[PDB]
Amino acid sequence: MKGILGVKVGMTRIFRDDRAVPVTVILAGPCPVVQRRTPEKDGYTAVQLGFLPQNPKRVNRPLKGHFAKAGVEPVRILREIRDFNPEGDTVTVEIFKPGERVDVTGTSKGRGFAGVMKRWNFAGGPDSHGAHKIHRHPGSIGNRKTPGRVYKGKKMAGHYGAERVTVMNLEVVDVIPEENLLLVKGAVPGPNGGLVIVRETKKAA
Amino acid sequence: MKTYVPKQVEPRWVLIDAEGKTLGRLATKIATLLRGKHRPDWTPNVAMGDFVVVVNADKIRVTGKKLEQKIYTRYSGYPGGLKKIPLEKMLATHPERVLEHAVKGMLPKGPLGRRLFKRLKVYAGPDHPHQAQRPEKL
Amino acid sequence: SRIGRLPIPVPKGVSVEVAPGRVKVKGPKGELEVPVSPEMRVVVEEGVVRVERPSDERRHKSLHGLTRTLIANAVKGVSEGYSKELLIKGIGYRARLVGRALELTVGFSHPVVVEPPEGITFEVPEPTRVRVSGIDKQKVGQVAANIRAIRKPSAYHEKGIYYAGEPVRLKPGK
RNA sequence: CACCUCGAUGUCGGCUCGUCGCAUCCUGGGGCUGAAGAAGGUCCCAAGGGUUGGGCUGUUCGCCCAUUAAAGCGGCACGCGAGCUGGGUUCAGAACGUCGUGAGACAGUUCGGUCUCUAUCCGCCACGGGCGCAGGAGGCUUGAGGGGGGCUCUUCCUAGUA
RNA sequence: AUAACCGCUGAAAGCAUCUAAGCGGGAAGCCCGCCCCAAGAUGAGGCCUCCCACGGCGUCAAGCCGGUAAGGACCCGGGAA
Ligand SMILES: [Mg+2]
Ligand SMILES: [Mg+2]
Ligand SMILES: [Mg+2]
Ligand SMILES: [Mg+2]
Ligand SMILES: [Mg+2]
Ligand SMILES: [Mg+2]
Ligand SMILES: [Mg+2]
Ligand SMILES: [Mg+2]
Ligand SMILES: [Mg+2]
Ligand SMILES: [Mg+2]
Ligand SMILES: [Mg+2]
Ligand SMILES: [Mg+2]
Ligand SMILES: [Mg+2]
Ligand SMILES: [Mg+2]
Ligand SMILES: [Mg+2]
Ligand SMILES: [Mg+2]
Ligand SMILES: [Mg+2]
Ligand SMILES: [Mg+2]
Ligand SMILES: [Mg+2]
Ligand SMILES: [Mg+2]
Ligand SMILES: [Mg+2]
Ligand SMILES: [Mg+2]
Ligand SMILES: [Mg+2]
Ligand SMILES: [Mg+2]
Ligand SMILES: [Mg+2]
Ligand SMILES: [Mg+2]
Ligand SMILES: [Mg+2]
Ligand SMILES: [Mg+2]
Ligand SMILES: [Mg+2]
Ligand SMILES: [Mg+2]
Ligand SMILES: [Mg+2]
Ligand SMILES: [Mg+2]
Ligand SMILES: [Mg+2]
Ligand SMILES: [Mg+2]
Ligand SMILES: [Mg+2]
Ligand SMILES: [Mg+2]
Ligand SMILES: [Mg+2]
Ligand SMILES: [Mg+2]
Ligand SMILES: [Mg+2]
Ligand SMILES: [Mg+2]
Ligand SMILES: [Mg+2]
Ligand SMILES: [Mg+2]
Ligand SMILES: [Mg+2]
Ligand SMILES: [Mg+2]
Ligand SMILES: [Mg+2]
Ligand SMILES: [Mg+2]
C-alpha cells in the first residue's frame with residue numbers, strides 16, 4: 001500500500017488539455033527506510049521512513065545506525081505506511097505515476113479557540129431587532145428537567161484546527177523525479193512547509 | 001475469645017477446563033473460589049482467594065436459544081451510544097469475555113470485588129502461562 | 001395413517017455406514033454424508049436400512065419421517081439423482097452453454113451468466129430447455145430454483161423460466 | 001382529580017441549538033392488486049440520512065404562491081427567556097362597542113407600555129498541572145474502546161425495445 | 001450477518017407444507033470496511049535504540065544521601081502553535 005513523506009510546498013495552476021487544473025505541489029524527497037515491522041517482531045506490517053536529512057548531530061544517543069541507512073539521520077522520521085513492504089531501501093516519488101489517485105494526511109491550520117459558528121457553522125443570533133449580545137452565540141444547549149443535562153457530544157467552541165486531516169482520492173497530476181516534486185489537485189491540509197504523508201487511495205486498493 | 005483471622009496466606013492457584021461446562025453454572029464456583037468461601041478461614045474484608053486460570057473458554061456451551069437471542073449492551077456516553085452485541089457475535093470476536101463478564105457480575109462490588117476479578121485469568125482454547133502450580137480442578 | 005417414517009430402503013451399488021450422528025452413503029455416482037439426529041437410532045439390515053424413534057411424542061415422530069426420507073434421498077442420490085428440468089418460454093429467450101457454465105438471455109439488457117456449483121452439472125438439449133444434473137437432491141432443487149428466479153413466469157404472458165410441468169397462467173390483463 | 005411546588009417551578013409564539021420515538025413524508029427492501037406497461041392503490045419491513053423558499057396573521061395551526069424525492073407526525077416542564085426575542089397574553093395611560101344610576105367591568109376590540117455585566121457544584125466544549133504505569137530514558141507504533149459519516153434528483157445508453 | 005419477503009430439502013400428517021431438524025437468497029438499515037480520537041485499556045500494551053547495575057550509612061521487608069549516566073528541564077530567539 002505505497003506511501004511516502006513530504007512537505008507541502010505551495011499551489012498553482014497547470015493548464016492540462018486546455019483546462020486549468022489547480023494543483024498543490026508537495027515535495028516528497030527520497031525516503032530512507034530506517035525500520036521494517038513484521039508480524040514476527042511487531043505483529044503487523046509497515047516501514048519506518050524518515051525525511052529531511054538535516055541536523056549534523058542533534059540526533060544524540062538513541063538512534064539507528066542499526067539499519068545504518070539512517071546515515072545522515074533525518075529530522076522527521078514519521079513512519080508507518082502500514083501495510084507497505086517496498087522494493088529495497090529509499091522509496092522515491094517514482095512510486096506514483098500520473099493519473100493515480102491518492103489520499104493525503106496533513107495537519108490543518110490551527111485556528112486556536114474558535115467560536116461555534118466557524119467551529120461548527122452555527123447560525124448565530126440576528127444582528128438586529130431584538131439582538132442583545134448574542135449575535136455570535138450558540139443558543140440553547142439543552143432541554144429542561146429532563147435530561148437535566150448536556151449531551152456528551154455537544155458542539156461548542158474550543159480549540160479548532162491544528163489536527164490530523166486526510167483528504168482522500170486526490171488525482172496525481174504530475175510527478176517530477178528530478179527535483180522530487182509531485183503534483184496533486186487541491187485540498188491538501190495545512191500550511192506550506194508542513195509535513196504531509198501521501199498514500200495510495202482507498203477507493204480500490 | 002476473639003474470632004480467628006488469617007495472617008498473610010499463600011495464594012494458591014487453580015486450573016479449569018470450561019469446555020462443555022455450562023456458563024453461569026461454571027461461573028458460580030469460579031466466584032466462590034475467587035472469594036475463597038471454600039477456605040474455613042474465610043475473611044470478608046481481606047480476600048485470601050484462589051487465583052483462577054480458565055482455558056478452552058471459546059468452548060463454553062449454553063442452553064436454550066441464548067447463542068442468538070442473548071444480548072450484551074454497552075452505553076457509551078453519547079446520544080444513541082447504546083451498543084447491542086449478541087452472544088454469537090461476542091464469542092466470534094472476543095471468545096471468553098463472556099465468562100469474564102459472567103464471573104465479574106457475580107463478584108461483589110467495591111474496591112475488593114474489583115481486586116478478586118484481577119485474580120481470574122481467562123484464556124481461549126488450550127494452554128496458558130505456566131508459572132504457578134495450578135492444580136487442575138474439575 | 002401408515003406413516004412413512006418406517007418403511008424400508010434399498011441396496012445394490014451402495015454402502016450404508018452408520019456413525020453416531022451421521023450416515024455415509026457412498027454409491028456408484030459419488031458419496032453423500034447425511035447429518036441425522038444424534039438420538040434416534042438408524043439400523044442397517046439386509047439389503048435395507050431402517051430408522052427407529054425413541055419415543056412417541058410428536059418431537060421424535062416429526063424427526064422420524066424426516067430422517068428416513070433424508071437417508072433415502074441419499075441412496076436415490078448415488079444412483080441417478082439429478083432430474084430438475086426447466087423449459088424457457090417466450091420470444092427473445094434462449095439458453096446457451098459456456099464451458100461448464102450456463103448463459104441465458106431472459107430479456108435484460110445483458111446476458112446472465114451462472115457458473116455451476118460443486119457437484120452440479122448443466123445440460124442444454126435445445127437452447128430453450130435446460131437440465132441440472134446432481135447427486136445431492138436439496139442442492140439440485142436449489143440450483144434449479146436459483147436459475148428460475150432470474151425471470152420467473154409472468155402472470156400476464158408465457159415468458160419466463162418454467163420448471164417443466166408447472167402449468168401456465170392468465171389474469172388476463174387489459 | 002387537587003398530590004410536590006404560592007418564604008415564586010417566568011406564561012403563548014418566534015429564533016438559536018438540537019436530541020429521541022416510529023403509529024414512516026421521502027429514499028431502500030418487500031406481499032396483495034379490481035398490478036398490461038408507465039403510473040397508482042393498500043398492507044408488511046425499515047429511524048441511516050433527508051425532509052425547500054415565499055404571501056397573510058402575534059400566531060401554533062391553517063390557507064395560498066412557486067417548487068420538490070419528500071414538503072412526516074409526535075416527545076424532551078405544549079424541549080430550550082441564569083441562551084435571545086417580546087409581536088401575543090398579562091399591571092398602571094387612553095379609546096370604541098357592550099354592561100352597570102354609579103365607582104367600574106368584559107377568553108370583546110384598539111394604540112402605548114423597565115426581560116437583572118461577574119457560574120460555586122453537576123453537566124458540556126477546550127487546554128494544562130500532578131502522580132501512576134515498580135530500572136530509568138529518546139523514538140516508533142498496536143487498537144480495546146469511542147466518535148464522525150450515512151441524503152437524493154435529472155438526463156443519456158440499453159430501447160422508443162419488452 | 002439479518003428484516004419483511006422469496007425459495008430448497010422436509011416430516012409430524014402415506015398427501016401437502018419455507019419449518020418443526022437443516023440450507024440458500026433477501027434492505028439507504030445491523031457488524032465490519034472509510035475518517036478521526038484513543039494504553040488513566042490502574043486489563044496502564046508492543047517494537048527500535050540509548051544509559052548503566054558506584055560511593056556510604058538502613059547490617060534486613062520499600063529504601064536513603066551525595067554527585068552521577070542516557071537524557072531532560074530551566075533561560076533565551078522565535079512559530080500559519
Ligand atoms: Mg493559529
Ligand atoms: Mg467549520
Ligand atoms: Mg447573520
Ligand atoms: Mg448589539
Ligand atoms: Mg431555563
Ligand atoms: Mg437525569
Ligand atoms: Mg394540593
Ligand atoms: Mg382531599
Ligand atoms: Mg406557586
Ligand atoms: Mg425555595
Ligand atoms: Mg428562585
Ligand atoms: Mg414500522
Ligand atoms: Mg418501493
Ligand atoms: Mg407497474
Ligand atoms: Mg406496493
Ligand atoms: Mg430514518
Ligand atoms: Mg410586501
Ligand atoms: Mg406579518
Ligand atoms: Mg388560524
Ligand atoms: Mg412552507
Ligand atoms: Mg423535534
Ligand atoms: Mg400540555
Ligand atoms: Mg414550552
Ligand atoms: Mg428574558
Ligand atoms: Mg433556570
Ligand atoms: Mg406588548
Ligand atoms: Mg401592581
Ligand atoms: Mg349607561
Ligand atoms: Mg379588557
Ligand atoms: Mg380578562
Ligand atoms: Mg411610542
Ligand atoms: Mg416594546
Ligand atoms: Mg451539584
Ligand atoms: Mg495529564
Ligand atoms: Mg475500534
Ligand atoms: Mg463505529
Ligand atoms: Mg428509445
Ligand atoms: Mg434465512
Ligand atoms: Mg417441498
Ligand atoms: Mg412429503
Ligand atoms: Mg428452521
Ligand atoms: Mg446471507
Ligand atoms: Mg447510500
Ligand atoms: Mg492515532
Ligand atoms: Mg502506558
Ligand atoms: Mg507502554
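Residues numbered from 1 in each chain as written, not as in the entry; some residues may be left out. Chains lettered and ligands numbered in written order. Part of a larger assembly, values for the part shown. Heavy atoms only, no water.

In the PDB header, X-ray crystallography is given as the technique by which the entry was determined, and 3.10 Å as its resolution.

Under the PDB entry, the name given to chain C is 50S ribosomal protein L6, and the organism recorded is Thermus thermophilus HB8. Per the PDB record, the entry is named "Complex of 70S ribosome with tRNA-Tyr and mRNA with C-A mismatch in the first position in the A-site". Annotation of chain C in UniProt includes, under Subunit, the sentence "Part of the 50S ribosomal subunit." (UniProt positions renumbered as here; feature names shortened; annotations may be inferred.)

Going by the PDB entry, chain B carries the name 50S ribosomal protein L13 and comes from Thermus thermophilus HB8. In the Subunit part of its UniProt record, chain B is described as follows: "Part of the 50S ribosomal subunit." Looking at chain B in UniProt, the text filed under Sequence similarities is "Belongs to the universal ribosomal protein uL13 family."

A.B. asks: Would you explain the protein's contact with RNA strand E in this entry?
C.D. replies: Around RNA strand E there are 44 residues in total, and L63, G110 and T166 of chain A together with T69 and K137 of chain C lie nearest to it. In RNA strand E, the atoms that sit within 4 Å of the protein are 69% sugar and phosphate, with bases accounting for the remainder. Between RNA strand E and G110 of chain A, the relevant distance is 2.6 Å, taken from a phosphate oxygen to a main-chain nitrogen or oxygen of the residue. At a separation of 2.9 Å, a phosphate oxygen of RNA strand E approaches a polar side-chain atom of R164 of chain A. Counting residues per element, the ones that place at least two in the surface near RNA strand E are strand 3 (35–37) and strand 8 (164–176) of chain A together with helix 1 (58–78) and helix 2 (137–149) of chain C. Ranked by the residues each element gives to the surface near RNA strand E, the list is headed by helix 1 of chain C, at 8 residues. (Near = heavy atom within 4 Å. Polar contact = N/O pair within 3.5 Å; in protein donor to acceptor, adjacent residues only side chain to side chain. Helix = DSSP H or I, 4+ residues; strand = E, 2+ residues; numbered from the N terminus.)

A.B. asks: Would you mind going over the protein's contact with RNA strand D with me for this structure?
C.D. replies: Near RNA strand D you find 51 residues, and of these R79 and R82 of chain A, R74 and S76 of chain B together with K159 of chain C are the closest. In the model, a phosphate oxygen of RNA strand D is placed 3.1 Å from a nitrogen or oxygen of the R119 of chain A side chain. In this structure, a sugar or linking oxygen belonging to RNA strand D sits 2.8 Å away from a main-chain N or O atom of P138 of chain A. By residue class, the composition of the surface near RNA strand D is 18 nonpolar, 16 polar and 17 charged. (Nonpolar A, V, L, I, M, F, W, Y, C, P; charged D, E, K, R; others polar.)

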